Amino acid sequence: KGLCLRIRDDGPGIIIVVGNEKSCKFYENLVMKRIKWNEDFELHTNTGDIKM
RNA sequence: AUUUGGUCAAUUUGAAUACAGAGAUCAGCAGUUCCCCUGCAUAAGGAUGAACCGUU
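Residues numbered from 1 in each chain as written, not as in the entry; some residues may be left out. Chains lettered and ligands numbered in written order. Part of a larger assembly, values for the part shown. Heavy atoms only, no water.

Per the deposition metadata, cryo-EM was the technique used to determine this entry, at a resolution of 3.60 Å.

Within the PDB entry, the label attached to chain A reads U4/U6 small nuclear ribonucleoprotein PRP3, and the organism entered is Saccharomyces cerevisiae. Under its PDB header, the title given for this structure is "Body region of the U4/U6.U5 tri-snRNP".

Given below as structure tokens:
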């Protein structure tokens, strides 16, 4: 249970996560260790693929 | 100088029959315990993956 809100798409936003403790821990791990947020990526659109 | 270490049992008896006394050998498999591997389940506990936006 929870959510992920954010401002203006590109802007800063909040994840809230709620549940059983193990699950929460797992989620945290995913957020921090597994995902690389600073990593570069590609946006796919009809006009052209935008490198970010 | 002599002699004991020498009684077959069993059965039929009121000595005769018996005659030494009645399964062997070879081979499987399973179980018992411990160990190792393998697949599955059960709990727990990780690790990780997967496009893209979601819900009043």
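**Q** Break down the pattern of salt bridges for me, with residues and values.
**A** Counting across every chain of the model gives two salt bridges. Two residues, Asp 9 and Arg 6, come together in a salt bridge whose shortest N-O distance is 3.6 Å. Of the two residues, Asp 9 and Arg 6, neither departs from the other in class, the shared state being exposed. The shortest N-O distance in the salt bridge between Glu 42 and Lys 51 comes to 2.8 Å. For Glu 42, a relative accessible area of 34% puts it in the partly exposed group. Of the residues examined, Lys 51 reaches a relative accessible area of 63% and is grouped as exposed. (Salt bridge = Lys/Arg side-chain N within 4 Å of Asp/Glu carboxyl O. Buried < 20%, exposed > 50% of the residue type's maximum accessible area, 1.4 Å probe, protein only.)

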